[PDB]
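Colleague: Here is my input, please return the structure:
(one chain, ligands or ions: 2)
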Amino acid sequence: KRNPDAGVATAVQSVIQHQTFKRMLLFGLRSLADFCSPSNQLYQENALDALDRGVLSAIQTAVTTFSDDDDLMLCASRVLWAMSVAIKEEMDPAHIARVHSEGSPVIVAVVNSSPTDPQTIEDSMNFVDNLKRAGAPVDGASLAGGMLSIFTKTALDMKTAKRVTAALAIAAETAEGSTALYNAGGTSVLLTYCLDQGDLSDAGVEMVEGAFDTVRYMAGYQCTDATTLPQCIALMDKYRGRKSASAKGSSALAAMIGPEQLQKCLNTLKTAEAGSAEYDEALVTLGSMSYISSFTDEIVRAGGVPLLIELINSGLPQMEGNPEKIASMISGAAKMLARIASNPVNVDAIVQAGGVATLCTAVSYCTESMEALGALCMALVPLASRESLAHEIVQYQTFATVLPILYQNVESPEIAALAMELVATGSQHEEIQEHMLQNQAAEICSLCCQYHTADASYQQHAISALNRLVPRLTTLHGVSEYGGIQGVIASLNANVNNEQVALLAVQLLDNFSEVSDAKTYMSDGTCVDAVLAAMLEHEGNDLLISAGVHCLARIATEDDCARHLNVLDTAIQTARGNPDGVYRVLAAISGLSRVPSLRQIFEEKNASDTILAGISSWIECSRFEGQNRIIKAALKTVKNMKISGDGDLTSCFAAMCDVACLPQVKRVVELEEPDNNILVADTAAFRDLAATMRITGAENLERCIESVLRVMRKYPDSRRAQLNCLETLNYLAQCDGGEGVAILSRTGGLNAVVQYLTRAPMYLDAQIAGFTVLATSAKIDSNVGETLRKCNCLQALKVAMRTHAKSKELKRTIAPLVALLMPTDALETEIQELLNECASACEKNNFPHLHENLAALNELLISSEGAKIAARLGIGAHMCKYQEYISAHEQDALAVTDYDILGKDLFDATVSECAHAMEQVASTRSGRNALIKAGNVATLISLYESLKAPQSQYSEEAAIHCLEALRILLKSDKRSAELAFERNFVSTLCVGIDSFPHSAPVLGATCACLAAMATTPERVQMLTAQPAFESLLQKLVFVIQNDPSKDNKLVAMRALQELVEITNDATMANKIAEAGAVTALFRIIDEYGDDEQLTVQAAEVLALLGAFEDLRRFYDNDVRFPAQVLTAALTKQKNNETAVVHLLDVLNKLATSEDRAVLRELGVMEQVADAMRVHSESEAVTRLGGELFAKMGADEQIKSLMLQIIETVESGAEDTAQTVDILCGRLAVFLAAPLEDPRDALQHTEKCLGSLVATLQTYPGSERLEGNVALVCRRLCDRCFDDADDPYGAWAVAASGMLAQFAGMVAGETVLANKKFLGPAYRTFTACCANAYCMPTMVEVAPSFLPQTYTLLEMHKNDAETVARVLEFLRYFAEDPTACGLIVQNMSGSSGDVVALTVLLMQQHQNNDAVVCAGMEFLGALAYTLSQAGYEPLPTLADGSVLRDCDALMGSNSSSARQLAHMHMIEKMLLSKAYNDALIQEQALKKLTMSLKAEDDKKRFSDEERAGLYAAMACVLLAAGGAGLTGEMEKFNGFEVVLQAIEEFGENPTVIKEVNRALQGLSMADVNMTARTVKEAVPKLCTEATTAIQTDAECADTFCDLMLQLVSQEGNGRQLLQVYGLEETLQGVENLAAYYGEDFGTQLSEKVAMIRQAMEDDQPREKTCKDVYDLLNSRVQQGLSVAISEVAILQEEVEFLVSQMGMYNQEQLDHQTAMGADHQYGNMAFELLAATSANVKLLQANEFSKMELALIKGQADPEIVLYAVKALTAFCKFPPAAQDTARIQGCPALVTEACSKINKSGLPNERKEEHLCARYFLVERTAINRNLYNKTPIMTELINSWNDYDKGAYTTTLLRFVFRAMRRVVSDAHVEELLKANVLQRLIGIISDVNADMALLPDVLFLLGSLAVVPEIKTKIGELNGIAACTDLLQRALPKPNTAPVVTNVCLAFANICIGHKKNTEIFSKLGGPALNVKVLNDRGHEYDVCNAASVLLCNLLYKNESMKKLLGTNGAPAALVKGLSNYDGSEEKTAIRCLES
Ligand SMILES: [K+]
Ligand SMILES: [K+]
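Modeller: Numbering: from 1, shown residues only. Ligands and ions are numbered 1, 2, ... in the order given. The protein structure is shown below:
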């Protein structure tokens, strides 16, 4: 744990002192607050520090003594909050108690100060929450009075209010709390605030939610006041349109008014006299109770609806006489009828009582009584929702009367709203639309847009009315003349800051612009400017931007660009006084730059440079109002216009970094929030610039990267600006196809990223973001793995592992980095190190050590491969042991201050580490299956039971997660699941939830663990029948129904969701529904339909439950209740694609085809159609929507609308083009419905199309028509995009002539600016490519518009949808050989050839899979089709540049769909056989394997998704084999990928199918791929994939095809026949052929027959050991490898050698027998295999050293032993071989025995020598230590062989072997015999002998020097005159030829004899030795072996010898060494380099 800031003790000291000195106190507390602020990385540690130093006892003294100072309060609550945080985390009881005793009263004082400060409140509210979570809640009643007093302060924020009201409610929930509020000013204090200040924002509603809950609880305790009900009613009225607040208002009201008063009220109205006090008071009371929805059903039950309708019926006759008394009655009664009309049952009753005719007739009497008219409109809205009642309401002339009333300006905005809502509700029915415009009053709505221009809030019904009517309008004239556009423009301006409301207005203006003559009425500039401003305000809203751009492309003009550009200069200068002026111009330059036909005008004026200079002026000056807004607007402006352009972005990117580094920026940001300020916005801006990849060039990238580092360097504590910079670095690294990675390294940015991560260990988003940069840089270039290691990246990610242990996102990020930096080869030894240390700690009683090493152990285990090491070395058995000990020794708790954690904190930590270890282990099949086999599912359960958690500690929550995330993994295996139930763990888990309240992670993991036991239907039923699981299910439902907290609702609902997604069982769904979930979830969508998050989560669960359960049955089979809820929420969430998808999904599951009439009655049709229109590019919306429309008029409406189009274009009305447009538009919605009878539905599809072709040819340029006709054709093409036989689709489009029409339209460039036509049009093009019957005419048509398709792409490069549609068309088009040719020859232009453009596009939409996948698939198809048609390859593909660019688009977290498309691209490139050079150069295959490797580390995809990746990889390797790149696959572990696929997917037929075809193609490509398939892959197929080949027809048939390829080559049948499991596999195939037993089964049978016959004919087994040798020898001769690792065909040859030899070794062998000489050849064969270091571990596995030693010892024939000696002698050349050889018991004595036998034998001296050399050679290599051969008589045998030589008959070669072995065995133990045999004297004698054999002297000199290793021999050498004999020899030989090895070896002898020896160094000096050394250097210094040894002598003479240092300084040695240095001139030969070194 970290240390606190030292200055905290000086701050605490300052406030302890100066408690009284107020200004000094404020300094100290202000200082202590900043130490306790989260900006400090040590805020928790500092706060704990201030606690321990005793500051609260001073702070409490201060808040009391100075209760009036708010500044104290802000600082005090900050310190206290930070404590509570660190308190909750530490879970030290000592502290939690203290902070609650000494600390709680501090905050109680802050609360009783009526704080108004958002931070003071927020810190205080968060204090009590954390204290409660810590087990020390602050009494809510002690805080209730002060919190309530917060509301007498008028200017309180809504965000602060909501937090406080939520607390009051919880406080009031008790008797003590309600009482405190009651006596501290009652409900009026709160409710008065809600009324006088409350608003209708999301937070104002959430606030009033809590206020109503507060009143409700006080009502339960009789703490309400006579003012409460009235104020509650008036708040109900205020929040009428928001059901979340209304529902909690009626709940509160229900608690003030019992059910007893309802019945008395109604019975009083039935009996009491008319006009009496009791009647009047009863009717008033009934008004109040009409606000209670739980009473509204009681009113209807007791005939109250007729009573209210009678009041109106009987009142209208009386209106003439008393108009005002009657209007009031009507108002009151009609409002009650409006509130009664909630349920569909309630609306039924109103309708049964003649409500419609009553209300409508009353409207006809109240045309001059506005209040009553509004109440009547309010009662008709819910009735007009039904189509049939709205028809009745038209019949009665209501709309025809309310419209002229609005047309004359209803003054009250309240009445006007209710009246627009009614006309809007009615307009949502298609048949009432035609009435409300086509009959009359189309423009009456338009003129009303102009009246309450700014009122629109819930009153957006003026927009919606024209939004449902403009599609029908055939002209904008009326809407313009009446001022409709002016009113909507004027509306958007006012409401421009409300996002939702302005998206609606921009959509309405977009629809206006589609009208045919709309350019003539909206081209004055006022419409443009209102849209541009809106687009700049809401760039985050894709729907607003997209609608705005459609509109501008139609109406915006050049003059719009000129009139804003002309004022740019002036507007920038006058921005201080007139900031709006420059804002408007910026909005126009930004938005109009998105219009393709207008972009260039702003760059031809270099407006970007001007705006950038203007930003600097606005910063380098005095701060003025609007300065922030203006700078942020200009930053967004310059970003948008550069992105929309196509120039390089370096200059602008640098200018934005420079702007951020201006000295005044710090000042400007002081006054803002840290999240939103100009610095954060500037970094976000130049990040988006970098994301485009339009920064090219080493110079430029360096500039841009330096600039980013400057920003990071200059603002160290702007943590949102730090993030944006890290992201920017990620992008810049990818620029130039990854070459930005090199720039990022050599500028130091890689290390800067590491440095920042080390600085900010607490910031999780920064860890992920920073490691992403590093992972991106590694994946692109693994050469930066070295740099990251030297930057200490490993320690940094080690720290983030431990800090954010529960972050799954932080780990999929760092996973590749650990593998790269982890010691790749030191693991197997280091894991077994900690494995044994942990076990040892358990053997003792050392509980600390277990933790310490389990902690370190986990760090190692993270390595994916390292996790497989631990599993392989028996960690599971280890783990079961650790648990046995941990759970037993809990009294070890008392560690007694001997470790970092003590007490119970230490027990849970060990449990946590033990559990975490098994968690990493269970990553892949290797680990998870090892733990299961060990019984670890039992050890985990035992571990979790050891977490009894009597008192929560700060490692226990994490201990549970690890424990439960484990069993999620392990229990998913069927056998282990039943053990769980056996242990009664379901109950132990459920109690585990209630043990740890407030922990959403435990709840989630406990539920995922519960479902993991219910893998099958039997266990699902076991689970849901458990009582504890029943009580859990109900307490989750309870939380969804009563907990106000939105977050707890989302958590509960998520828990339920997973239970149904995992188990996926009709019994889970059934039990969840019956627990109350269906009604409770629909209630969420009914009350919280305005909240996207709650509505989406609720819908998600209901759709899951609705797939098994008939949802309507929970509403008594009346589907209208839930359907209305779904439709209501659907309309509120219209513009949230995600919410629309899930609402339509519950609707489509709730309803059936037998609901056609119920669904039409509710207008569901138009609501669904409206959605499909807005989200027209959402695949999900169009699917669900169509499926719903199949329930509401399948086939019928389609047939009728088509015929109607023919009737129209035949007559020839003046307005046909306009008329059919609205027909086509209606049709496209239906053409999305699945058609069960395509024949009938699409009868007239070819003529209908032919009639549209005519309509288009006579009415060109009708933009809207052109668009809707494209949409229908896409819907026709989409429904049979794959069935090339269907005639009612893409075929029809071509037959009828449309296909040629569309092509002409695009060829004429008339449409290029119309994106609503180009998208669908190019989708239908794509369809006519897919259908092979349409292709010939597509080819016949395309050349006329392919160049336009290019220019089209450059235009719309910024539109992802248009780009994706065009690139997709090119993908399919490129399949035809003529097409792909036309593409390359016609699509070339300003952006390069078609390939360059495609890259540019993907780079711009790098975040968009649809564009990227379409682009890669396109390049793939194009490259391949071109090669097969004879065309020439694509230069930039053959260049390797596109591969680098495409690799850059592949980030470490790119989706699976993008990985597949990238693999398909590479596959197609390989199949074309045209790009091998580039594919090898850029290492495509290696990178693909790496990526696939990473996805098994991360383990983020689903097993089905990885199935596709491996299946896809199998196909890539298949193409590689065909391409001739098997050499490439072996550089990396290519083949191993197929083996991995077999092991993990052996049960997946679709993987093994591709694996078989891959192995077949690899084999027939290469002989060594054939071998590895036989020896490695087929054994896996016949065992790990045997059931798949057996059960799946395609695996069986492809396996037979592969076997037939393998057996077709001699020798393979023999080896396959011996493959384990092949017979079981072949037989089951036959079994399979019997089942199908048709032409396929007969064919499969013949294949097995051929396979068996081939293996029988190829069962020779014809080979001996001499064969394996003659073969190996031929290779070694020819120069080939004999490494089995690298030459797979030698695998069999070695298996045979081990077997034949192993069997020869059973007997004694005569070398002159067939098997003896063959035993010789086998050992000569091994000897060649031993010459290679790779074979050492193969031979080591087969006991090579052990065999040979047995032969040498056992075999009595010396000629058999000879060749065993040699074979072992070569194996021992390599140290690790000699290590094992010489280490096995007896080897030294045995090898020496072999030596002895030959000295005592009586052989010819000829062979006696051969045997001695070889066996003494073995002695040399085996003598790894000098003390190894001590106990054996090796010295005796060496001396006897020497003595035999002195008698003669041996050559000098033997003596050299005697000497070589002697220096290895010479030791203190043989010293006595060395002196007896006078070895020294003999060697001295040979040295002195002037006739000595020159071939023997070098070894003599060498042995003599080596013998000096023994301290006693060293001295004897001097006493025996060895040094003088050596100096004499050196003098002798120096001038002679052929003496270089003597001079060399005599100098080394000198050095070894004197190095640290005072006696011999003085002998050597007196002989003139030092001068001689220098003479060997002056002479013969140019000889490198000589010069090297001479220099080695100098060093040894100098070592620890000052006098030699002085002597050789004046001896002339320095000048001699200088000459040795100068002899060099360039040689890098190994010899000249060792010389130069010495
Ligand atoms: K009361
Ligand atoms: K308006």
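
Colleague: What residue, apart from its backbone neighbours, is nearest residue 20 spatially?
Modeller: Spatial nearest neighbour of residue 20, excluding adjacent residues (Cβ to Cβ, 6 or more residues apart in numbering): residue 65 at 7.0 Å. Placement of C-beta: from N, CA and C, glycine included.

Colleague: Am I right that the one you found is in contact with residue 19?
Modeller: Yes: counting by Cβ atoms under 8 Å, residue 19 is a contact partner of residue 65 at 7.3 Å.

Colleague: who's more crowded, the two?
Modeller: residue 19 (18 against 13; other Cβ atoms under 10 Å).

Colleague: next one: phi and psi at the more buried one?
Modeller: Backbone torsions for residue 19, taken as degrees, to the nearest 10, come to phi -50, psi -40.

Colleague: what do you get for residue 1389?
Modeller: phi -170, psi -140.

Colleague: how about the closest residue in space to it that isn't next to it in sequence, secondary structure?
Modeller: Nearest residue to residue 1389 in three dimensions, chain neighbours excluded: residue 1350, at 5.3 Å (Cβ to Cβ, 6+ apart). Following DSSP: H, G, I helix; E, B strand; the rest coil, the label given to residue 1350 is helix.

Colleague: quick one, what contacts residue 1418?
Modeller: 1367, 1368, 1370, 1371, 1374, 1398 (Cβ atoms under 8 Å, 6 or more residues apart in numbering).

Colleague: Now do the first one against ligand 2, distance only.
Modeller: According to Cβ to the ion, to the nearest Å, residue 1367 and ligand 2 sit 42 Å apart.

Colleague: Which of the helices or strands spans that residue?
Modeller: Assessed by DSSP states H and E, residue 1367 sits inside helix 1360-1373.

Colleague: how about that helix as CSV, C-alpha atoms only?
Modeller: C-alpha atoms of helix 1360-1373 as CSV (Å, rounded to 0.1, in the frame of the first residue of the first chain):
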residue,chain,number,x,y,z
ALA,A,1360,-20.7,5.4,-44.2
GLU,A,1361,-24.0,4.1,-45.5
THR,A,1362,-23.5,5.2,-49.1
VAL,A,1363,-19.9,4.0,-49.1
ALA,A,1364,-20.9,0.7,-47.7
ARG,A,1365,-23.7,0.2,-50.4
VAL,A,1366,-21.4,1.1,-53.3
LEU,A,1367,-18.4,-1.0,-52.1
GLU,A,1368,-20.8,-3.9,-51.5
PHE,A,1369,-22.0,-3.6,-55.1
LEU,A,1370,-18.4,-3.7,-56.3
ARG,A,1371,-17.8,-6.8,-54.2
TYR,A,1372,-20.5,-8.8,-55.9
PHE,A,1373,-20.0,-7.2,-59.3
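
Colleague: So which other helices or strands are in contact with that helix?
Modeller: With contacts defined as 3 or more Cβ pairs under 8 Å, 6 or more residues apart in numbering; DSSP states H and E, the packing partners of helix 1360-1373 are helix 1315-1330, helix 1346-1355, helix 1377-1386, helix 1394-1404, helix 1409-1428.

Colleague: interface residues of the stretch 251-400 of the chain facing ligand 2?
Modeller: Contact residues, the stretch 251-400 of the chain versus ligand 2 (Cβ under 5 Å from the ion): none.

Colleague: Ok, the chain next?
Modeller: So far as Cβ under 5 Å from the ion goes, the chain lies against ligand 2 at 449, 453, 462, 491.

Colleague: Near the nearest residue to the first one once chain neighbours are set aside, how many other residues are there?
Modeller: When the adjacent residues along the chain are set aside, residue 449 lies closest to residue 487, with 3.2 Å between them (Cβ to Cβ, 6+ apart). The burial metric for residue 487, expressed as a neighbour count using other Cβ under 10 Å, is 21.

Colleague: any idea whether residue 487 is helix, strand or coil?
Modeller: helix.

Colleague: quick one, what contacts it?
Modeller: Neighbour list for residue 487: 446, 447, 448, 449, 450, 451, 453, 462 [criterion: Cβ under 8 Å, 6+ apart].

Colleague: I'd like to know which of those are part of helices.
Modeller: Applying DSSP state H to the contacts of residue 487, the entries found in helices are 446, 447, 448, 462.

Colleague: which of these sit farthest apart?
Modeller: 447 and 462 (10.4 Å; Cβ to Cβ).

Colleague: Compare those two and say which one has the larger neighbour count.
Modeller: Per other Cβ under 10 Å, whichever of residue 447 and residue 462 has more neighbours is residue 462, with 30 against 20.

Colleague: Chain neighbours aside, what residue packs nearest to the more buried one?
Modeller: residue 449 (5.1 Å).

Colleague: Might one say that that neighbour is in contact with residue 489?
Modeller: No: between residue 449 and residue 489 there is no contact, the gap being 9.4 Å when judged by Cβ under 8 Å.

Colleague: can you tell me the residue of this structure closest to ligand 2?
Modeller: residue 491 (3.9 Å; Cβ to the ion).
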